[PDB]
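Engineer: I'd like to ask some things about the structure below.
Protein chains in written order, with UniProt numbering: chain A, 214 to 238, 264 to 284; chain B, 214 to 238, 264 to 284; chain C, 214 to 238, 264 to 284; chain D, 725 to 863, 889 to 941; chain E, 504 to 724; chain F, 504 to 724; chain G, 504 to 724.
What follows is the structure in structure tokens.
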């Protein structure tokens with residue numbers, strides 16, 4: 214992802230290149271956008 | 214192990230990079271820690 | 214053999230890196271050493 | 725929990741007695757091997773020589789301090805001499821001191837630093853950070894070394910312990926001074 | 504032709520904490536056997552969990568009944584590795600090398616009095632922002648606490664919890680920090696048979712879920 | 504022997520927008536859980552489609568009946584992000600960072616008058632090169648337009664189309680540009696019951712097929 | 504684009520004991536056959552095990568009954584390659600090139616007397632720290648030892664063992680070293696028929712488990 218693109222790869226291990234994410238126990267705006275009304279209120283003619 | 218992480222590898226042979234270990238013929267503290275009492279002495283109520 | 218150890222390899226061909234050996238038509267000292275008497279002359283007691 | 729503390733058997737407790745949980749812990753940063761696997765500056769060479777002795781490590785540095793937190797240890801070693809100098813050379817544990825390295829391992833400098841890897845060379849199974857040998861306490890042997898380096902000029906020497914093993918923990922004391930204050934306090938990194 | 508390669512600026516300089524190895528120079532060395540060598544340790548926190556070290560109360564590892572003062576407080580100190588009571592402990596020793604930590608702690612109390620001397624104690628964790636830090640058992644009873652009395656078992660172990668807005672706290676205290684951001688722990692004596700002191704040795708060890716992150720060499724003066 | 508390599512001129516210099524990563528130096532850090540954190544956004548255009556922002560008509564977000572003038576034009580402005588009416592909108596805000604765009608736009612009109620005040624409006628897209636920009640509903644009716652009247656629903660949404668010779672248009676206006684290369688949008692009031700104003704709040708959002716290309720940091724003065 | 508590469512400081516300098524090969528420059532040379540060439544050797548220790556070399560006792564390779572002195576000691580010397588008796592041996596010759604060694608050694612004694620001259624000898628390994636080094640067979644009999652007498656077989660071979668606190672010992676002696684850290688070997692004559700000398704040629708070879716480590720070029724003055 215992002216603005217990095219080497220068809221080949223990455224030389225150093227993941228635990229060194231980046232921080233490791235953790236979880237306990264999702265794009266609000268995409269969903270919000272998706273939900274917009276795009277129809278027609280009332281009746282259409284011709 | 215340690216603080217070395219190259220997804221790829223090591224170029225020179227093992228007999229040159231490090232000293233070779235030998236044996237004749264085991265983490266005391268891990269075991270010691272593992273053995274600690276973590277319960278309750280006496281009876282519990284409520 | 215010797216004091217050269219690259220887990221990987223050699224880039225140039227053999228005919229360029231070294232001289233090529235030939236044959237017509264064997265470690266004397268290893269054999270000599272191997273043959274040494276290591277027993278006991280005479281009879282042993284106790 | 726009450727216990728018979730006299731016997732010295734370990735006791736480690738949760739917060740469960742009070743209704744608590746236990747958090748997931750990841751102790752990668754307290755791993756001994758990882759910790760000691762970094763370069764530490766031990767100082768400069770002398771007559772363009774320096775005996776590789778891990779006890780030369782600065783005792784208040786992370787590495788110097790941790791190494792001293794163990795009675796015995798073992799490791800391989802990496803060296804890096806930084807400075808404007810042409811070539812660093814080396815001799816193993818037990819070799820006589822020489823006037824010139826000539827012919828023993830020599831490594832030439834590359835962009836102002838010379839870095840190279842070495843093997844443990846002592847004749848003992850492990851080395852010690854302390855050795856009560858004839859020094860009767862009332863209320889370090891020649892052999893304990895990793896060899897010696899010879900350089901072309903004065904340089905800063907860095908050591909890096911590889912494959913480290915530590916045995917028999919020893920104390921690690923705080924080194925900051927409280928002065929008279931109760932808490933210690935310093936200026937921590939903050940947005941300016 | 505040959506492999507075209509682009510040498511990059513900013514890459515390659517000497518590094519002291521880099522993930523690569525140096526080139527070898529002296530091969531074929533086989534070490535003496537160090538099989539079964541005793542006392543090996545792998546993680547500082549294993550030893551930190553198993554070996555409690557002594558707190559310091561103005562020169563001595565014990566808290567005590569004391570002389571003149573109708574003060575039931577045996578000790579009340581900032582939950583901080585930099586507090587002077589924690590000064591000689593292995594935990595504070597190690598903590599100077601990490602920037603942050605999280606997790607629980609265990610405080611241990613070993614009673615040293617003679618068989619006929621009886622007492623009853625209590626220890627509480629006072630959260631930050633608490634106002635007049637409680638000076639009486641009665642007031643302190645409103646905090647997370649534990650009360651225990653003397654008897655056959657000399658030792659009692661308490662768990663100092665972790666509460667904070669954040670998942671991690673700092674091992675050091677910023678200069679502009681008036682109160683303990685992590686609160687305090689107060690140790691009180693509810694009552695004692697005999698006013699001639701009975702010493703309680705106080706000790707501290709890492710809890711089972713304690714953790715340190717961000718190694719730092721804080722070196723010098 | 505060893506791998507022969509050819510170091511190339513022109514390759515390797517520091518780059519600010521390059522596709523490669525820097526060498527790591529501090530390993531094994533595990534972050535606090537940020538599971539379920541709300542309000543996440545992934546593409547500026549998702550927020551740009553969903554959240555209309557206010558146009559500015561000389562200091563106020565609304566267009567109005569007004570005072571003296573038998574002028575039925577409530578607003579007529581260049582279809583341009585650089586027009587002063589668009590000045591405080593998220594769309595123009597974002598547009599300053601892209602060189603080109605394409606796509607549709609949505610204009611929204613929310614009527615604010617009391618229940619007994621009725622009106623009838625119209626909005627048209629006037630293409631480039633149109634001569635005397637129409638000033639009357641009658642003339643403007645010859646363009647792509649929409650007429651609507653007040654009632655139970657306060658809001659009306661209009662789609663400003665994309666016509667041009669090219670597939671993409673520029674977000675900025677060249678110095679030598681006399682007329683709007685993209686035409687104009689005119690908002691007219693056909694009629695109103697009561698001359699005491701009824702404010703119509705005007706707002707703008709990205710259409711479903713709107714798009715920006717060529718990020719630029721237009722920085723400074 | 505091309506392969507991004509990071510050139511590292513500290514790597515690449517000329518090395519004299521490095522594990523890589525140089526680039527070739529003159530190909531296709533086929534050597535004359537050296538098939539079956541005799542006397543080949545592969546490891547210095549194979550020749551060192553098989554070929555004993557002469558010790559030196561003040562100019563001569565033999566130990567002897569001698570003149571005036573009721574001294575039964577034929578030779579007593581430090582178990583050290585640097586001892587003057589070992590001076591001209593292949594073992595000491597090789598040892599100057601290694602820092603450490605471990606293992607056993609073999610001492611050989613060849614009797615040179617006439618048929619009617621009989622004697623009885625003994626050799627012992629005296630460990631370090633032994634006090635008054637024994638001067639009599641009687642006292643020396645308390646050490647690891649071997650007694651043998653003359654007869655049909657002229658030669659006798661003894662095994663000098665390896666005892667030390669460490670697994671390896673040094674081939675050289677530090678300046679501040681008063682006593683032999685490895686002890687001594689004493690050769691005594693218990694008795695001899697005829698006081699006219701009978702020369703015993705002494706020789707030394709590597710034991711089957713002898714070993715050298717850490718090659719060093721100790722070069723010069």
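C-beta atoms are modelled at their ideal positions from N, C-alpha and C, and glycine is treated no differently.
State the DSSP-derived secondary structure class of residue 623/F, mapped to helix, strand or coil.
Structural biologist: Against the sixth chain, residue 623/F aligns to sequence position 120. The answer is strand: DSSP assigns residue 623/F an E or B state.
Engineer: Residue 238/B touches chain A at which residues, Cβ-Cβ below 7 Å?
Structural biologist: One-based indexing of the second chain puts residue 238/B at position 25. Correct list: empty, because the minimum Cβ distance to chain A is about 35 Å.
Engineer: Would you kindly work out how many angstroms separate the C-alpha atoms of residue 688/F and residue 695/F, rounded to a whole number?
Structural biologist: Counting from 1 along the sixth chain, the entry for residue 688/F is found at position 185. Counting from 1 along the sixth chain, the entry for residue 695/F is found at position 192. Cα to Cα, residue 688/F sits roughly 21 Å from residue 695/F.
Engineer: Whole angstroms is fine: what's the gap from residue 857/D's alpha carbon to residue 889/D's?
Structural biologist: As a first step, residue 857/D must be located in the fourth chain, where it is residue number 133. As a first step, residue 889/D must be located in the fourth chain, where it is residue number 140. C-alpha separation (whole angstroms): 8 Å.
Engineer: Taking Cβ positions only, does residue 544/E come closer than 7 Å to chain B?
Structural biologist: Translated into positions along the fifth chain, residue 544/E becomes position 41. So, interface residue.
Engineer: Less than 7 Å between CB atoms is the rule here; does residue 717/G satisfy it with respect to chain D?
Structural biologist: Reading the seventh chain from its first residue, position 214 is the one you call residue 717/G. Chain D, which has a Cβ nearer than 7 Å to the Cβ of residue 717/G, makes this yes.
Engineer: Give the residues from the segment 750-765 of chain D that approach chain F closer than 8 Å (Cβ to any Cβ), ordered along the chain.
Structural biologist: Residues passing the 8 Å Cβ filter: 750, 752, 753 and 758.
Engineer: If we ignore side chains and look at the alpha-carbon of each, how far apart do residue 511/F and residue 511/E end up?
Structural biologist: The sequence position of residue 511/F within the sixth chain is 8, counting from 1. The sequence position of residue 511/E within the fifth chain is 8, counting from 1. Looking at the two C-alpha atoms, the distance is approximately 11 Å.
Engineer: Are three or more beta carbon pairs between the segment 612-625 of chain G and the segment 640-659 of chain G nearer than 8 Å?
Structural biologist: With the cut-off at 8 Å, the segment 612-625 of chain G and the segment 640-659 of chain G touch.
Engineer: For a test of the three-state rule: what should DSSP assign to residue 688/F, helix, strand or coil?
Structural biologist: By one-based count along the sixth chain, residue 688/F stands at place 185. Strand.
Engineer: Count the other C-beta atoms from every protein chain shown that fall within 10 angstroms of the C-beta of residue 859/D, then say buried if there are 16 or more, exposed otherwise.
Structural biologist: Residue numbering aside, residue 859/D sits at position 135 when the fourth chain is read from its first letter. Looking at its Cβ environment, which holds fewer than 16 other Cβ atoms inside 10 Å, residue 859/D is exposed.
Engineer: Residue 712/E and residue 568/E: beta carbons closer than 7 Å?
Structural biologist: In the fifth chain, residue 712/E corresponds to position 209, counting from 1. In the fifth chain, residue 568/E corresponds to position 65, counting from 1. No, they are not a contact pair.
Engineer: Note the first and the last residue of the continuous beta strand (DSSP E) segment covering residue 601/E.
Structural biologist: The count along the fifth chain starts at 1 and reaches residue 601/E at position 98. That run of the beta strand (DSSP E) goes 601-605.
Engineer: Using 7 Å as the threshold, is the C-beta distance between residue 756/D and residue 796/D below it?
Structural biologist: Start at 1 with the first residue of the fourth chain, and residue 756/D comes out as number 32. Start at 1 with the first residue of the fourth chain, and residue 796/D comes out as number 72. Taking 7 Å as the Cβ cut-off, residue 756/D and residue 796/D do not qualify as a contacting pair.
Engineer: Does the segment 273-281 of chain B come close enough to the segment 926-935 of chain D that 3 or more CB-CB pairs lie under 8 Å?
Structural biologist: As far as the Cβ criterion goes, the segment 926-935 of chain D does not touch the segment 273-281 of chain B, which means the pair count is below three.
Engineer: Using a Cβ cut-off of 7 Å, which residues of the segment 214-229 of chain C contact any Cβ in chain B, in chain order?
Structural biologist: Answer set for the segment 214-229 of chain C: 218, 219, 220 and 221.
Engineer: Please name the residue or residues paired with residue 533/F in a DSSP beta bridge.
Structural biologist: By one-based count along the sixth chain, residue 533/F stands at place 30. Paired residues: 233/A.
Engineer: Mind pulling the chain G residues with CB within less than 9 Å of residue 281/C?
Structural biologist: Here the question's residue 281/C lines up with position 43 in the third chain. In chain order: nothing, as chain G lies at least about 14 Å away.
Engineer: By the criterion of Cβ-Cβ separation under 7 Å, what are the contact partners of residue 527/F in chain A?
Structural biologist: Residue 527/F sits at position 24 when you count from the first residue of the sixth chain. Ordered by position in chain A, the residues that pass the 7 Å Cβ test against residue 527/F are 225, 229 and 230.
Engineer: Please confirm if residue 549/F has its CB atom under 7 Å from at least one CB of chain I.
Structural biologist: No chain I is part of this structure, whose protein chains are labelled A, B, C, D, E, F and G.
Engineer: Quick one: does residue 696/E have its CB under 7 Å from some CB of chain D?
Structural biologist: Residue mapping note: residue 696/E aligns to position 193 of the fifth chain, counting from 1. Judged by the 7 Å Cβ criterion, residue 696/E is not in contact with chain D.
Engineer: What is the residue span of the alpha helix (DSSP H) that residue 594/F lies within?
Structural biologist: Here residue 594/F corresponds to residue number 91 of the sixth chain, with the count starting at 1. Start and end: 593-598.
Engineer: So, does the CB of residue 275/C fall closer than 7 Å to a CB anywhere in chain G?
Structural biologist: The residue you call residue 275/C lines up with position 37 of the third chain. So no, residue 275/C is outside the interface.
Engineer: Which residues in chain C have a C-beta closer than 8 Å to the C-beta of residue 533/G? List them in chain order.
Structural biologist: Here residue 533/G corresponds to residue number 30 of the seventh chain, with the count starting at 1. Per Cβ cutoff of 8 Å: 232, 233, 234 and 235.
Engineer: What residue range does the alpha helix (DSSP H) around residue 773/D cover?
Structural biologist: For the purposes of this step, residue 773/D is taken as residue 49 along the fourth chain, with counting starting at 1. Residue 773/D -> not in any alpha helix (DSSP H); beta strand (DSSP E) instead, spanning 773-775.
Engineer: Would the beta-carbon of residue 704/F fall within 7 Å of that of residue 540/F?
Structural biologist: Along the sixth chain, read from residue 1 onward, the residue named residue 704/F stands at position 201. Along the sixth chain, read from residue 1 onward, the residue named residue 540/F stands at position 37. No. Outside cutoff.
Engineer: If residue 828/D and residue 815/D are in contact, beta carbons under 8 Å, what's the gap, nearest whole angstrom?
Structural biologist: For the purposes of this step, residue 828/D is identified with residue 104 of the fourth chain, where counting begins at 1. For the purposes of this step, residue 815/D is identified with residue 91 of the fourth chain, where counting begins at 1. Yes, residue 828/D and residue 815/D are in contact; Cβ-Cβ is about 5 Å, under 8 Å.
Engineer: To be precise: take each residue of the segment 506-519 of chain F, compare its Cβ to all Cβ atoms of chain E, and keep it if any distance is under 8 Å. Which residues remain?
Structural biologist: Cβ contacts with chain E come from 506, 507, 508, 509, 510, 511, 514, 515, 516 and 517.
Engineer: Cβ of residue 536/E less than 7 Å from any chain B Cβ?
Structural biologist: Translated into the one-based positions of the fifth chain, residue 536/E becomes position 33. Cβ-Cβ to chain B under 7 Å: yes for residue 536/E.
Engineer: Quick one: what does DSSP say residue 589/F is sitting in, helix, strand or coil?
Structural biologist: Taking the sixth chain and counting its residues from 1, one reaches residue 589/F at position 86. In this structure, residue 589/F counts as coil in the three-state DSSP scheme.
Engineer: Can you grab the Cα-Cα spacing for the pair residue 710/E / residue 702/E, in whole Å?
Structural biologist: Position 207 of the fifth chain, counting from 1, holds the residue named residue 710/E. Position 199 of the fifth chain, counting from 1, holds the residue named residue 702/E. Distance between the alpha carbons of residue 710/E and residue 702/E is about 25 Å.
Engineer: Please name the residue, chosen from 582/G, 675/G and 693/G, that lies closest to residue 652/G on a Cα-to-Cα basis.
Structural biologist: What you label residue 652/G is simply residue 149 of the seventh chain in a count that begins at 1. Out of 582/G, 675/G and 693/G, 693/G has the C-alpha closest to the C-alpha of residue 652/G.
Engineer: How would you list, in chain order, the residues of chain G whose beta-carbon sits under 8 Å from the beta-carbon of residue 819/D?
Structural biologist: As a first step, residue 819/D is located in the fourth chain; it is residue number 95 there, counting from the start. By Cβ distance, chain G contributes 602, 675, 717, 719 and 721.
Engineer: Taking all protein chains shown into account, do 16 or more other C-beta atoms lie within 10 angstroms of the C-beta of residue 221/C, making it buried, or fewer, making it exposed?
Structural biologist: The sequence position of residue 221/C within the third chain is 8, counting from 1. Answer is exposed; the Cβ neighbour count stays below 16.
Engineer: Nearest CA to the CA of residue 718/E: which residue from 900/D, 854/D, 841/D and 751/D?
Structural biologist: Along the fifth chain, one-based indexing puts residue 718/E at 215. When each option's Cα is compared against that of residue 718/E, the closest is 751/D.
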